[PDB]
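Report on the structure given below.
Chain letters run A, B, ... following the sequence lines, proteins first and then strands; every chain starts at 1. Computed over heavy atoms, backbone and side chain alike; hydrogens, waters and symmetry mates excluded.
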Amino acid sequence: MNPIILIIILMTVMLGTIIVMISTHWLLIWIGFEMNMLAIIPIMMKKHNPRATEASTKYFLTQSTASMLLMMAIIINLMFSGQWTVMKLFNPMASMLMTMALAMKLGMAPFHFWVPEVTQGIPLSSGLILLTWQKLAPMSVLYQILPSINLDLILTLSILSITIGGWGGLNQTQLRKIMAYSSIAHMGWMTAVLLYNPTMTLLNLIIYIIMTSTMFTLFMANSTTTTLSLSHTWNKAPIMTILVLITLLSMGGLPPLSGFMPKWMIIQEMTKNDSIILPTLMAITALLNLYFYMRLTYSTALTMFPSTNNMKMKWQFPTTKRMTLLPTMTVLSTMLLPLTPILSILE
Amino acid sequence: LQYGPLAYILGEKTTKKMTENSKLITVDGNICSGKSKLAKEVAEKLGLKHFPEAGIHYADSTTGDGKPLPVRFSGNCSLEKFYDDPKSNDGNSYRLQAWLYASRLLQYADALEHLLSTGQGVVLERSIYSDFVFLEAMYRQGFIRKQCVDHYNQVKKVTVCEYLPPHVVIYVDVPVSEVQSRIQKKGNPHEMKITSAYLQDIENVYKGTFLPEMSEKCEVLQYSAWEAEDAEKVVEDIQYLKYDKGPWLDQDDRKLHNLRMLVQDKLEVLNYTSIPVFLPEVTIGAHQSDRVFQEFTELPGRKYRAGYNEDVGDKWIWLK
Amino acid sequence: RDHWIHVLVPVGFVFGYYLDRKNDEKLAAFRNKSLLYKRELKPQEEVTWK
Amino acid sequence: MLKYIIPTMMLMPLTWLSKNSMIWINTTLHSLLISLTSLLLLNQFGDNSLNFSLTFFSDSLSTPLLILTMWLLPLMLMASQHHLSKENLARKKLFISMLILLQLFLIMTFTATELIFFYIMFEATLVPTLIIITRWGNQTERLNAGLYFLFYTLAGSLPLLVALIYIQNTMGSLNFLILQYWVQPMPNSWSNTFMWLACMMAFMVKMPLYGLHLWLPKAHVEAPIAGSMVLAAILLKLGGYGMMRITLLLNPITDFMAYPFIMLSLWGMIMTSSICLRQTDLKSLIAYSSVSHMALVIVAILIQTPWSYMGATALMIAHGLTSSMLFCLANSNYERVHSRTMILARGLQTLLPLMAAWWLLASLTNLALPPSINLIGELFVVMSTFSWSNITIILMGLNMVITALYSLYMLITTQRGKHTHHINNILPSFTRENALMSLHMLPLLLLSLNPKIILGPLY
Amino acid sequence: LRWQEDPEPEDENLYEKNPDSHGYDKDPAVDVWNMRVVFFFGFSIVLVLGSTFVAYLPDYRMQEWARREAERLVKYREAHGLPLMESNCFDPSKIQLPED
Amino acid sequence: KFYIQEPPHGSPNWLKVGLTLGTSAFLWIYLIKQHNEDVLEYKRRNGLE
Amino acid sequence: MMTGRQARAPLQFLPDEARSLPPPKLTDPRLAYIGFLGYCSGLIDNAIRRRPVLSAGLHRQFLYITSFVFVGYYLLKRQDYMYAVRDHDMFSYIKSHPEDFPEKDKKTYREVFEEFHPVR
Amino acid sequence: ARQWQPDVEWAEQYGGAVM
Ligand SMILES: CCCCCCCCCCCCCCCCCC(=O)OC[C@H](COP(=O)([O-])OC[C@H](O)COP(=O)([O-])OC[C@H](COC(=O)CCCCCCCCCCCCCCCCC)OC(=O)CCCCCCCCCCCCCCCCC)OC(=O)CCCCCCCCCCCCCCCCC
Ligand SMILES: CCCCCCCCCCCCCCCCCC(=O)OC[C@H](COP(=O)([O-])OCC[N+](C)(C)C)OC(=O)CCCCCCCCCCCCCCCCC
Ligand SMILES: CCCCCCCCCCCCCCCCCC(=O)OC[C@H](COP(=O)([O-])OCC[N+](C)(C)C)OC(=O)CCCCCCCCCCCCCCCCC
Ligand SMILES: CCCCCCCCCCCCCCCCCC(=O)OC[C@H](COP(=O)(O)OCCN)OC(=O)CCCCCCCCCCCCCCCCC
Ligand SMILES: Nc1ncnc2c1ncn2[C@@H]1O[C@H](COP(=O)(O)O)[C@@H](O)[C@H]1O
């Protein structure tokens with residue numbers, strides 16, 4: 001791809017996200033989602049192989065169906081309210097359809113069935129964009145429509161997302177599918193606390209984007225797409241095994257790391273509203289996420305898998321990749337729990 | 001780096017330096033075809049840059065100080081021990097062939113990087129498109145197993161597809177008896193143990209697979225052992241080729257930009273040489289890998305990045 | 001100093017002792033105010049504990 | 001407590017800026033200086049706990065665990081420097097960093113004034129222990145053992161997080177000093193039953209309770225020697241410390257919620273001692289002995305009389321020293337015969353007489369020979385459980401008989417009889433090994449002289 | 001066959017190259033100085049000075065104070081005919097009972 | 001010399017080192033000026049001078 | 001929660017009433033911890049590119065430290081501002097609603113009857 | 001007697017399409 005065209009297309013992805021984030025009119029929200037999908041389709045087809053065309057087709061079908069259900073929710077809102085302000089929805093049917101549409105856009109279960117296929121079909125940078133930047137705009141719309149979100153619907157989507165993203169990653173050996181099922185479980189964690197305190201939703205989204213950006217940047221810098229290709233990293237760059245160790249231990253929610261911060265604040269704000277069973281079942285279900293994270297740490301950092309002979313040639317060459325913000329993202333994903341009351345800047 | 005997308009934006013297009021002399025030439029032949037002097041004379045008549053045939057220590061010649069490393073750090077294989085025991089127990093045959101394929105891939109990346117950064121053509125000797133003839137010869141001679149051929153075909157399938165074939169392939173017909181005459185007059189005591197059926201399998205895989213499949217994607221030239229002695233007839237045949245085949249015609253600035261971004265990041269070039277297919281001829285266990293890696297770090301000028309070694313005389317490190 | 005590494009842990013202890021004695025000043029809201037230990041101040045003395 | 005946290009953090013540049021032949025000596029020296037400095041925490045009072053700041057305090061329960069923790073680090077460095085001699089220098093510094101960091105987590109685990117800080121440090125102590133077991137463990141089972149060690153503790157402790165945040169929302173605070181005065185009675189309801197379980201089951205896993213102890217004879221066996229020392233000496237006692245804090249809040253519901261767990265521990269001290277009678281692995285014999293000893297500490301916390309708490313904290317300190325020394329003796333034979341099978345190396349008193357004297361004294365402290373603090377803690381727990389019910393003397397006495405049996409069976413099997421003929425790499429005892437044994441045993445014997453500093457907040 | 005692996009290295013003896021080995025390191029000067037650091041800073045410092053320090057703790061948890069205070073209180077309330085201890089910890093005048 | 005190929009970090013990029021030190025010094029003087037302005041504004045708004 | 005408070009004046013990182021609050025000192029332990037994070041980012045940046053970790057790029061390590069301190073100072077200002085806003089709104093809502101916050105008649109323990117549960 | 005590191009049989013458990 002032309003680098004000019006690449007920069008313009010990424011600016012158009014960011015522009016669609018910003019148009020969703022700033023606009024007060026529902027048509028402009030829908031326009032922002034349309035512009036976002038229309039611009040991210042070439043990023044998924046950057047390498048032009050049949051898995052990228054299949055992934056882009058599945059992504060197109062899901063996001064197109066969600067955009068049309070979003071416009072139907074907007075049209076039922078225009079019926080029952082005569083106006084277009086992006087605020088609460090004045091009909092439970094419009095609220096249900098818009099919550100379904102945003103659940104399809106986020107890939108929350110049971111609309112999750114595209115996320116590991118599409119994430120496997122595309123490169124690691126486009127998978128990074130899909131699993132971090134494409135979560136921003138629907139969570140902004142859910143942040144704005146929450147006076148009308150049905151509680152039972154959003155918590156059903158949340159716990160079903162956490163459970164299916166827990167069980168999905170246990171069978172995986174491809175790194176992109178592990179990150180996709182991690183995405184489904186963490187989106188369940190984000191939407192579970194939304195109607196209770198959406199500041200903790202934004203905290204979970206920010207910590208999640210930091211940690212997922214760290215893992216995709218480490219996977220890009222090591223050029224590893226499978227578990228067993230990540231297993232050769234100790235014989236190539238041993239510092240990378242340390243960084244993926246501490247970042248996978250962070251994403252599992254272990255103290256004293258900063259991946260414990262969001263789930264601890266979510267449990268903290270759900271027990272205030274007299275919900276005890278639900279954050280306890282969510283916390284126990286996240287142990288599955290921790291299990292396949294520890295599987296990856298066993299294969300990468302805590303043991304030494306056998307390498308091959310041709311690694312000796314790669315010893316003689318440094319990484320000439322732009323590992324952009326990788327030390328910054330590694331520090332922020334692990335050592336931020338002493339700065340836990342920094343979350344008030346998102347209030 | 002040096003060249004990135006920003007230099008492509010600011011004007012460094014590669015068809016501005018791509019003249020008509022900028023050709024990729026690969027000289028091929030059997031084990032003692034004598035094609036080294038042919039490649040060097042063709043490279044000096046056409047004004048090109050000659051690359052010698054990549055051995056075990058080619059990566060040693062491009063990195064560090066250019067002197068060859070010990071064989072435990074580079075290769076873990078011996079051409080002489082392949083010549084002496086081609087059916088050896090320790091798996092030196094496929095391990096030598098796989099290290100040589102990675103060495104020729106690194107050489108081909110260097111060749112394309114020179115061709116695309118300077119606009120000067122390159123003469124090569126036995127590139128990665130012709131490396132498989134020794135694989136098929138060693139399999140027909142029973143020197144390796146079939147799973148080694150499967151491993152080679154996997155690595156080749158995921159690596160050779162990312163590159164453009166040469167412009168000119170110069171093959172040198174030298175028969176088996178003349179090759180053996182030159183082997184016996186060479187006087188190499190390891191190389192004189194090569195069987196006739198191995199050389200015959202090399203020539204058969206050449207004439208039956210390599211040139212019939214390269215004749216579509218490039219322009220093949222073919223010479224005997226005496227008409228390749230005159231370099232000027234070969235250079236005259238090169239200069240009067242009507243270049244019309246192969247995928248070099250539909251190469252704009254964007255495709256060659258992506259190729260130049262590929263061939264300068266050597267770890268991406270060498271990415272799929274070490275795929276995790278645990279084949280016992282090339283799989284190195286963890287204790288040997290750990291020990292050899294820690295000893296490779298202690299080699300002088302190897303502990304850090306190339307600008308960052310005080311023990312070889314790098315200064316201003318605290319401002320780098 | 002030729003042996004500069006042997007003053008990391010002892011100077012760390014001196015610094016931690018200093019910070020503990022500094023925090024005792026911030027926790028001085030009941031100095032000479034407790035019903036068990038309140039008393040008139042002796043001359044040439046402004047605080048009962050430091 | 002900052003005067004102990006800061007030098008423990010300064011052990012990190014002390015272990016990363018040391019010369020490559022000096023990284024054991026410097027960390028050993030300065031951790032011995034920190035262990036000397038640990039004795040300032042004995043400024044205890046009969047009414048008030050030594051309350052440092054809003055974040056840190058130390059009563060007479062946390063103080064012996066702190067001194068034992070800060071004493072355990074140089075001994076772990078001495079124990080673990082022989083089998084990590086051929087290690088890479090960077091991986092050796094990483095091992096020492098994991099030990100220093102585990103001490104750093106523990107010394108502000110025991111001093112946590114507020115209970116969610118205790119929870120964060122308490123579950124932070126998993127990560128260096130997990131890295132030590134799954135990285136510098138010796139056999140294949142270290143990965144599975146790290147899985148069991150991680151996923152019993154988090155399965156127990158994630159209900160504890162919800163319980164503590166519930167107390168934070170109800171009482172308004174998880175400060176233990178405020179909860180000493182704002183504690184309300186916890187009546188009988190199903191809500192308070194699961195409140196009790198959520199507050200107690202994490203520490204029941206960490207002790208370990210019988211029936212939940214299955215992480216322990218794999219984590220304590222498949223660890224290296226420094227991992228085995230810290231797991232046997234401190235990380236089981238995190239559970240008893242958390243119980244003695246958190247059972248302030250669980251009254252009067254503990255007076256009938258304790259019965260199933262008192263039955264589990266009174267029968268588990270019989271069953272795990274019986275398991276010790278038939279172990280082939282010496283290191284697993286010491287692991288099940290640790291389960292058998294911590295069962296009494298569980299019973300003593302659950303009956304919550306003053307004699308029971310005094311005996312439980314004395315038995316925790318005594319068992320930390322004794323079990324750490326038993327693992328170090330097991331390592332001293334494993335570094336010669338390269339097998340943990342107890343029947344392999346026999347007759348070792350004929351070859352190593354002073355090391356056999358150390359075996360004798362650690363087996364005597366294991367069987368609670370008076371006047372050791374082993375017998376002091378054992379005896380006070382037996383007094384309090386007799387006052388609880390008069391029929392528990394049968395189980396306590398039968399446990400003491402089986403305890404003497406497996407202790408002296410361990411001694412006779414490894415040290416007595418005819419020596420094994422085909423084993424000829426039995427070196428003499430190194431000065432490092434005998435010094436390690438003496439630095440375990442001599443504080444354990446000197447604490448019999450003045451035992452009041454290990455009898456907890458209510459001596 | 002099976003892969004390329006180094007053989008099991010023989011376990012080294014510290015007494016072969018150094019018959020005066022204290023078991024800390026194979027460098028003999030590092031070994032002797034590790035011996036002196038361990039022995040001095042453990043036994044000569046921590047054990048000896050800590051046995052002295054615990055031996056002379058300033059009335060650890062005020063037990064000696066409590067014995068002396070109890071001697072003073074018993075010496076008081078023997079001379080005045082008061083009972084040595086009340087069954088009521090607190091004065092019944094300053095306790096309101098729940099009426100019935 | 002040592003290396004057969006000139007490393008990209010053989011010489012320090014003096015432009016990038018100068019911009020690094022200049023940007024860092026600019027952020028430090030801006031931070032000190034901001035902090036002095038902030039304590040001055042706090043003492044002005046609360047009348048503590 | 002407090003999203004209607006900062007909706008009259010949107011996208012203000014530090015409002016004008018944040019200046020009534022005392023700024024964090026430059027010796028704040030939070031800000032010193034953020035500077036330690038800058039030093040750690042400098043060390044990881046030297047490690048992943050195989051530079052000497054403590055020595056190489058002291059200008060780069062110093063820009064890491066400076067940039068983290070520079071961002072974290074304003075982050076601490078916004079943190080202290082938002083918690084001051086939270087306490088200010090709490091106290092004004094308690095003042096405007098006395099019927100919802102009755103001053104509790106505190107009894108002493110001579111009248112408070114607590115059921116005694118013996119441990120025996 | 002040295003530290004167990006994973007062999008080929010261990011690492012082929014992580015090489016399938018699924019786990
Ligand atoms: C604060 C100031 C304190 C000053 C007084 C210190 C109080 C005692 C401290 C600890 C004493 C034991 C440590 C040495 C023995 C371990 C090493 C060994 O085997 O050496 C043999 C070796 C001579 O034997 P060898 O023939 O050359 O070689 C050994 C053979 O190859 C093979 O060896 P073996 O089998 O032929 O000979 C071993 C033999 C084997 O015999 C036994 O195992 C039988 C022992 C048990 C039954 C008899 C005792 C029952 C309990 C009654 C006594 C306690 C209460 C008495 C009060 C009246 C009743 C209330 O055991 C003994 O001879 C030990 C004698 C002392 C027994 C103490 C109790 C140990 C039993 C287990 C715990 C019992 C509860 C705790 C009691 C704590 C009392 C403080 O001894 C030495 O060279 C001595 C080295 C220096 C020892 C220093 C000890 C104190 C260090 C503290 C430093 C810091 C404070 C400064 C004060 C320093 C004062 C000197
Ligand atoms: C080691 C592995 C096993 C660990 C076991 C851990 C303990 C077992 C029981 C845990 C229960 C869940 C935490 C309860 C926290 C109590 C907080 C509270 O306020 O309670 C009162 C509250 C009361 O509700 P409330 O607080 O909203 O109302 C106020 C109080 N009343 C009712 C008086 C008005 O209790 C609950 O809301 C529910 C408590 C029970 C929850 C049952 C779900 C979990 C079932 C057991 C799972 C055990 C682990 C399984 C997985 C193991 C690994 C695979
Ligand atoms: C502490 C918790 C963590 C545990 C691990 C700690 C590891 C770190 C270690 C730090 C240093 C050690 C700290 C604890 C030290 C304990 C020792 C100590 O202080 O003791 C003070 C005790 C205190 O006793 P005391 O309380 O009566 O002291 C009187 C008090 N003053 C001095 C103030 C008036 O000292 C003594 O008892 C000294 C008595 C003289 C020496 C011993 C004589 C008897 C020896 C045996 C005689 C023969 C008997 C027959 C048997 C023959 C053989 C079988
Ligand atoms: C309420 C919230 C409001 C909004 C807050 C902010 C949200 C931030 C969300 C960040 C999402 C980042 C998505 C990834 C970057 C997008 C552009 C991109 O793809 O850059 C990667 C780039 C592409 O290069 P290419 O060559 O195509 O890749 C193949 C590898 N040769 O180059 C590469 O591939 C090189 C490899 C390194 C790439 C690293 C990129 C890291 C970028 C993210 C940093 C972390 C996010 C910012 C901090 C936290 C903010 C919350
Ligand atoms: N499998 C192989 N067997 C023998 N020679 C090989 C093999 N692969 C590459 N070669 C090279 O082919 C060369 C023969 O051509 P020449 O350079 O003229 O000697 C040898 O020197 C080897 O370096």
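- Annotation for G:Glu99: atom CD counts as buried by contact number, over 12 foreign heavy atoms lying within 6.0 Å.
- With respect to G:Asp16 and F:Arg45, a salt bridge is recorded, a charged nitrogen being found less than 4.0 Å from a carboxylate O.
- Counted within 6.0 Å of OH on G:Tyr83, heavy atoms from surrounding residues, nucleotides or ligands total more than 12; the atom is thus considered enclosed.
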Please tabulate, one pair per line, all N/O donor-acceptor pairs under 3.5 Å involving side-chain atoms of residues 31-39 of chain G, not counting sequence neighbours.
residue: G:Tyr33; atom: OH; partner: A:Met335; partner atom: O; Å: 2.3

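- With a 6.0 Å radius and a threshold of 12 heavy atoms from other residues, nucleotides or ligands, G:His88 has its NE2 atom at or below the threshold.
- Side-chain contact between F:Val39 and G:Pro22 is absent, with no heavy-atom pair separated by less than 4.5 Å.
- The closest side-chain heavy-atom distance from F:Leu31 to G:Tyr73 is below 4.5 Å.
- G:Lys25 NZ to F:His35 NE2: the interatomic distance, rounded to the nearest 0.5 Å, is 8.5 Å.
- Taking the side chain as every heavy atom from C-beta outward, G:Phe70 and F:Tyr30 approach each other to under 4.5 Å.
- F:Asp38 touches chain G through backbone and side chain together, each having a heavy atom under 4.5 Å away.
- F:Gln34 has its side chain within reach of G:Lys77: a pair of non-hydrogen atoms, C-beta onward, lies under 4.5 Å apart.
- Inspection of non-hydrogen atoms places G:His59, G:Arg60, G:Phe62, G:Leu63, G:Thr66, G:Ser67 of residues 57-68 of chain G under 4.5 Å from chain F.
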